[PDB]
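Enquirer: experimental structure and sequence below, a few questions after.
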Amino acid sequence: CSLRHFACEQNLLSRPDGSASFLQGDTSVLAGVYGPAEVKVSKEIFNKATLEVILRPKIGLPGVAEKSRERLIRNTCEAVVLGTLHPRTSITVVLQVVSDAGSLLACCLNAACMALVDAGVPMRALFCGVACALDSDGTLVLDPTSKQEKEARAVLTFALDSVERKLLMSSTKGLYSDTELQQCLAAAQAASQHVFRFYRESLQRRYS
Amino acid sequence: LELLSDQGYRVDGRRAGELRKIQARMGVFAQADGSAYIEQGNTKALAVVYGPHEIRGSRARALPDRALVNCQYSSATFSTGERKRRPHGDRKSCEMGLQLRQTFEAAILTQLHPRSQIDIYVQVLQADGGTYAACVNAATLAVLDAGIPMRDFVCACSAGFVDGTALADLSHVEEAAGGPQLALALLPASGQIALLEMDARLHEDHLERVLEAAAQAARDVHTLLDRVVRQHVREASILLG
Amino acid sequence: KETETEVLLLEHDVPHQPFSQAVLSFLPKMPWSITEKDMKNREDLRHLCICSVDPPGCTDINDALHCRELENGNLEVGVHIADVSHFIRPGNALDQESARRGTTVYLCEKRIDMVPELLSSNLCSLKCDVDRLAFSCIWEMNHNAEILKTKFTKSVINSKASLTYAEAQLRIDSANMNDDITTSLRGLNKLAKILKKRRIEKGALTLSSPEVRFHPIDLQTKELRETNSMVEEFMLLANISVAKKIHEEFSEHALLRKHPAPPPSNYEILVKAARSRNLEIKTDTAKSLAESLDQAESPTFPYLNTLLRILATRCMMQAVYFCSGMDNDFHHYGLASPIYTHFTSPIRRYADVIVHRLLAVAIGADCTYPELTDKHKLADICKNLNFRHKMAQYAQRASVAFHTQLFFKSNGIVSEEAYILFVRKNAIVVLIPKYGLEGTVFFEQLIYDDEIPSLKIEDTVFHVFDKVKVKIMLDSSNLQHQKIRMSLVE
Amino acid sequence: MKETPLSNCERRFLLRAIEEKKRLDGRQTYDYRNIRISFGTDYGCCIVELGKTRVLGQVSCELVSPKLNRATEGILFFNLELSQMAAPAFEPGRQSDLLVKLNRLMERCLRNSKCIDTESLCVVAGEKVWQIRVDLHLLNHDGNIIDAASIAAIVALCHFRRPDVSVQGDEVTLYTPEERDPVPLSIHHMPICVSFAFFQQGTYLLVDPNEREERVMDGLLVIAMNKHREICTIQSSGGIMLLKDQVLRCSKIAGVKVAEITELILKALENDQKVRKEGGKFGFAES
Amino acid sequence: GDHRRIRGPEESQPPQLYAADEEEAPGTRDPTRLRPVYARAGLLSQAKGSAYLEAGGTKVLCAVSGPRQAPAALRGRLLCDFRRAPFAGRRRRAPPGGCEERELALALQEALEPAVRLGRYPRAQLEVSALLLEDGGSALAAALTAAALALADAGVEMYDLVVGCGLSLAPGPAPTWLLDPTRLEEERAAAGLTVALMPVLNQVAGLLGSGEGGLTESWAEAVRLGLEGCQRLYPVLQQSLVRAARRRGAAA
Ligand SMILES: [Mg+2]
């Protein structure tokens, strides 16, 4: 297909509320959610649940880029996740990068969504993440590989929604143009359709 | 250089089964509730015990059942020849704190001082080998000077293995040689170990030897310490009336 | 052994590392059915009798032969090589890791390769009854073996047989006769012998040397036979023709090999030897020498000519590759041929591959590239290749020496006969045919005759071509260089 | 957040089942849980899961200026992280005691035992040497870490391969995994810890305790061993009074346990190499 | 390596140390002189009170985050964070610091606690934040004055204002006390000094000093000279505050 073999697995870990291992190709992320739980008077806010994301790679320590990425994920989830139901409590999303082969965010987002699902957390709509790489010649590639990201001039991670296939998040590396943005966004929408079909298949086989 | 001459002697001039003369004292600092000092050779530890007192910034940690032992470690910069910085906060001083804490929480018999801090503090001024045991023993003398109840002298010392023999109360030289060194701390009256640290490679059948050797060294340390303590108590009582 | 092997391969710089991943990639995937798209420029000889001769237990079989009779009394002979060039196209990493590994080492037990076993025994090789690519050189000849018409064509063939030398000889002259192979082999061995004696009359010299190849219950000595001379003559003819062609077409960049003839200050030892043994020799040229060695026979020493042949091989210089531009020698002492270039075994050499490329572009079935004409880069790779062949020789010698050490360790043989080659003041070099081994023996007051090379002790005298029995004691004092030692008795 | 408290019911039930020599899942006292060793795609990744406790291990390399005292041998950098997914209480910068003790223990065990060859990994004596760091991450927390952390560090450091290097004088040339074949490490012996837990002041002892057994235990004896019966480290924590015969017996146990774990590890590496020599980027071993 | 900032180089030395020249010396001037001062209060918006002071190459901000819940025990507090921008001074220093920033912070706190009256601000901590955009001479004094302006602006109570002044010593054969000097007169100097007082009630609030040398009488003359300088400076700050209050009256 236009994008590569990608699988998932739910309820791996016993201690966290919900967990999900989402791998595509050779990149594999692992997400664990701690549902509505305690929160101190400093971190909390009435009429909303505090969503906190902490992402940590498997090398060195977390610096700044990961903090930016986890802000992106935080706000995306705040966009979809319902929090006016569970005020004065904290939802926590932990992300670990078992492997890194490009298309990282496009994997972390999917894993976060699946974990939130497994934790039975009230969501307004599923979301997904894809990554499209524009080489110099304009030929785009979906769900790229690290080689394709290095040999390319632009890369674009889009976090889309399921209800109306809008654009919840966009993180771009490189420099690109308008028309290319639009066309890669359309291709991302198609890829998101495929990802949603996959989610439904996985959950169908989980409830069986 | 050498560790065990073919005759049986060491560098310092002592056989394997003996140790260096500890010279101690109890009552250094009066602004406290308990203090001690010890020199187990060139080493020079210094202990302090601020007694069972109130918790401030309660922060919901005042155990209601028993007392709260808080022991802090410190190795001065000029202790070793190689100057170092950040004596506190390091990942090793905190391990020493944990060790001392789980020892004295075992010995210090906290069930009688509930909701109270026993603050132990240890500073090592000079280090030439055997840096944990000197501190254990100084803190013991401190506790005792502070009239804090405690099951028994928690006496500590170190042993090692060289040329198919066991050495007692290693120094820095054979501690740098890399050989197996086993530090421990036991309660003599009962024969029970309160702590058993150890770091190097060696066979298993060669374990009982260094183990009993360290134990016997700790017994000797017990004798010396208790003679000191008895002198101290006698002098104090005589002075009272 | 698994330590000494790697140690000698690290000291002689012989690269032993396995093939990197990138290399394996550029190889073809191995569903490999002959693609009829590349077969355009080539032809189809599948309707042909071919019988590749192969020594005991080989896998990088590359050559192939045939001798098809023709209506006109003439017959078409043909040699066939594995057209590795198609697989090994330049600019890759394959080509670089094959250049550095400028030749395939063949130690007494293993073989360090230059191209994977896949491309060496499954694709390029001329395996039996499997259609494989090839380069081909075809001649038309008569029963006196003078060329009449030649051609140098790429093609695809199908080896009907992968024989052994003994199997070859028995298929030839066991009285069996068949339209398939045996007749080809016979009519080809004929031309082989004719060409052989023809070139001997041309002055080219034959030699010998102590060569022992281990299994290791008891070692064995290589045995000569017709089939070997046959295949050798045909392959040499192919090399010479290819060289003449790529020379006439290319006079600036090429790969040739020369054998710089020796200064006459080296033959004097052999001269003095045969003089003290009253056999005259003319060492002025190659012919005189050769036609003389065949006369120096005398019945007292039926095993004599071989000794002079060794004593000669101790003199010849080093044969080296080079480019037609940076030099102008173009003369090969040994074969008495002026031009000669290796063309048969690319699986076993890289200069063979470069020759395949040059010849193919001369035929027009390939495209050029800059590193094929830049004399500088070609000279550099040629120097590398010579250095590497030299390393390989040294390594194989060290290995056979180690195996001899080991065998003498397992079996302590003593007091075996031996002949003499040299005679020096301090030591007396010696040769043992049984084990195919030459060694030294020191004597550390003597009498050293140099006008006539001989040694004199108060009791006896030592001249070349005498006899002595020896006891072989290996000293292992220094585990490094566990060294043999000869003790003498009579 | 905080860990849910422990009820007196569970505590008493556990103590009694110990008195009667009954574990919970159904195993004896001298038994581990099914430990699985799974590998990744990148040389140096290993996920080892004993029962429910999963731990990840990555191994990375660098070239750096060595330290003056040791200009010949290289460097090694351990680190263990307690990911918040391991358990709620593992907030960043809060459970520091556990981090400190685990990291010191692991450093001691592997480094000071001289498990690997810090000399083999020299390139330019005085200017540039290797630097091997190993990051362990705790994913699920059900009971025994030290054993898992150690098995992971070992499987990694035995399933890792360096970028080959050539050298002449001072000219050093690094190369990529696609240009040459990475070179493995140099191990002398693989140590892996073994954890005993004491109940009722020393009367009862268990192996591979779960999380509850860790909440109702008073003492922990860690013992590092090899397949050659070589004590590498031993530690007592929890403020507990043990004796001699106890440590002797625990050591005679750790012997067999480490022998078996080692056999498994070797089998796992064998299977992974076999797979990659057939097409496949994984490797799996089961107790 | 810091994991809260961008990955830069390990070490980085400036180019000046690699220069080759005898830098220019100031020379002569009127020792009892003061640089032209631009002081304005009310610069910043998002802060309850702010002030800005420029004197030569000196350029300092100060903001006051007001009372924030956190007798002699229910007595207010004020914690001051002095901070020089990494782009001030010949050399660059990472933002954290840890050597002189904290010393000058202690100085500011010791010079402000007296003026401010904290009995009327119990159970509260005033966060004073100074920022040095450019160093061109007397810095700690500018910071005291700016913090005073910011406080008086936010409307915290007081007893009097704080005026600072920095002095240096000429290393010539006849050493004279140089008033309100420049970074050049300060790096080519033998001794330095800093006074800070409350001119109405004529009381020092915090001073400081240091010396390649000196002697009692010299230090005393320096002190009194700095006092006179601070007196001569007070009216500028007075007018600045009046002006800001007029602008506020205008806004509403
Ligand atoms: Mg052949």
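Expert: Nice, thanks for sending it over. Residues are numbered from 1 along each chain as shown, chains lettered A, B, ... in the order given.
Enquirer: drop to CA atoms for contacts and neighbour counts, all remaining ones
Expert: Will do.
Enquirer: could I get the contacting residues of the residue of the stretch 101-250 of chain D found nearest chain E?
Expert: Per CA to the nearest CA, residue D:133 is where the stretch 101-250 of chain D lies closest to chain E, at 15.6 Å. With contacts defined as CA atoms under 8 Å, 6 or more residues apart in numbering or on different chains, residue D:133 is in contact with D:59, D:60, D:61, D:76, D:77, D:78, D:79.
Enquirer: ok, now residue E:66?
Expert: Contacts for residue E:66 (CA under 8 Å, 6+ apart) come out as E:48, E:125, E:126, E:127, E:154.
Enquirer: tell me the contacts of the last one?
Expert: For residue E:154, the set of contacting residues under the criterion of CA under 8 Å, 6+ apart consists of E:48, E:49, E:50, E:64, E:66.
Enquirer: highest neighbour count among these?
Expert: Greatest neighbour count in the contacts of residue E:154, by other CA atoms under 10 Å in any protein chain shown, goes to residue E:50: 29 neighbours.
Enquirer: that's a helix at it, yeah?
Expert: No: with DSSP: H, G, I helix; E, B strand; the rest coil as the criterion, residue E:50 is strand rather than part of a helix.
Enquirer: so it sits against residue E:65, correct?
Expert: No: between residue E:50 and residue E:65 there is no contact under CA atoms under 8 Å: 9.1 Å.
Enquirer: what comes up buried for stretch A:54-65?
Expert: A:54, A:55, A:56, A:57, A:58, A:59, A:63 (16 or more other CA atoms under 10 Å in any protein chain shown).
Enquirer: give me the contacts around it.
Expert: Contact with stretch A:54-65 is made by A:66-67, A:70, A:92-98, D:57-58, D:60, D:135-137, E:3-6, as judged by CA under 8 Å, 6+ apart.
Enquirer: and residue E:6, how far is that from chain A?
Expert: 7 Å (CA to the nearest CA, to the nearest Å).
Enquirer: phi, psi of residue E:140?
Expert: phi -60, psi -30 (degrees, to the nearest 10).
Enquirer: which residue does chain B bring closest to chain C?
Expert: Counting by CA to the nearest CA, chain B gets nearest chain C through residue B:201, at 29.2 Å.
Enquirer: quick check: that residue vs residue D:108, distance?
Expert: Going from residue B:201 to residue D:108 by CA to CA, to the nearest Å gives 11 Å.
Enquirer: higher neighbour count, these two?
Expert: Between residue B:201 and residue D:108, counted using other CA under 10 Å, residue B:201 has the larger neighbour count: 23 against 17.
Enquirer: where does that one fall, phi/psi-wise?
Expert: Per-residue torsions, residue B:201: phi -80, psi 140 (degrees, to the nearest 10).
Enquirer: those strands in chain B, which residues are they?
Expert: B:22-25, B:35-40, B:44-53, B:68-72, B:117-126, B:155-162, B:165-168, B:181-187, B:192-203 (DSSP state E).
Enquirer: list the buried residues for stretch B:131-151?
Expert: Buried-residue list, stretch B:131-151, by 16+ other CA under 10 Å: B:131-146, B:148, B:150.
Enquirer: cool, and stretch D:24-33?
Expert: Buried-residue list, stretch D:24-33, by 16+ other CA under 10 Å: D:29, D:32, D:33.
Enquirer: would you confirm that the first one contacts residue D:21?
Expert: Translated: residue D:29. Yes: at 7.4 Å, residue D:29 counts as touching residue D:21 under the criterion of CA under 8 Å.
Enquirer: and chain D, which residues reach chain A?
Expert: D:1-2, D:40-42, D:52, D:56-58, D:60, D:83-88, D:135-137, D:139-142 (CA under 8 Å from any CA of the partner chain).
Enquirer: what residues of the strand or helix carrying residue C:248 count as buried?
Expert: Using DSSP states H and E, residue C:248 falls within helix C:226-249. By neighbour count with 16+ other CA under 10 Å, helix C:226-249 contains the buried residues C:227, C:230-231, C:233-236, C:238-244, C:246-247.
Enquirer: and those residues, which is closest to residue C:13?
Expert: Among the buried residues of helix C:226-249, residue C:239 lies closest to residue C:13 (CA to CA), at 29.7 Å.
Enquirer: ok, the closest one touching residue C:342?
Expert: Yes: between residue C:239 and residue C:342 there is a contact under CA under 8 Å: 5.7 Å.
Enquirer: for the residue nearest the centre of chain B, which non-adjacent residue is closest in space?
Expert: Note on chain B: the residue nearest the mean C-alpha position is residue B:136, at 2.0 Å, using CA atoms, centre = their mean. Using CA to CA, 6 or more residues apart in numbering or on different chains and skipping the chain neighbours, the partner closest in space to residue B:136 is residue B:156 (6.4 Å).
Enquirer: neighbours around residue D:4, how many?
Expert: By other CA under 10 Å, neighbour count at residue D:4 equals 8.
Enquirer: that one and residue D:89: what is the separation?
Expert: Residue D:4 sits 10 Å away from residue D:89, going by CA to CA.
Enquirer: got it, and residue B:165?
Expert: Distance from residue B:165 to residue D:89, by CA to CA: 47 Å.
Enquirer: returning to what we had before: and for residue B:201 and residue D:108, which residues touch both?
Expert: residue D:233.
Enquirer: enumerate the residues of chain C near the ion.
Expert: Within reach of the ion by CA under 5 Å from the ion, chain C has these residues: C:53, C:63.
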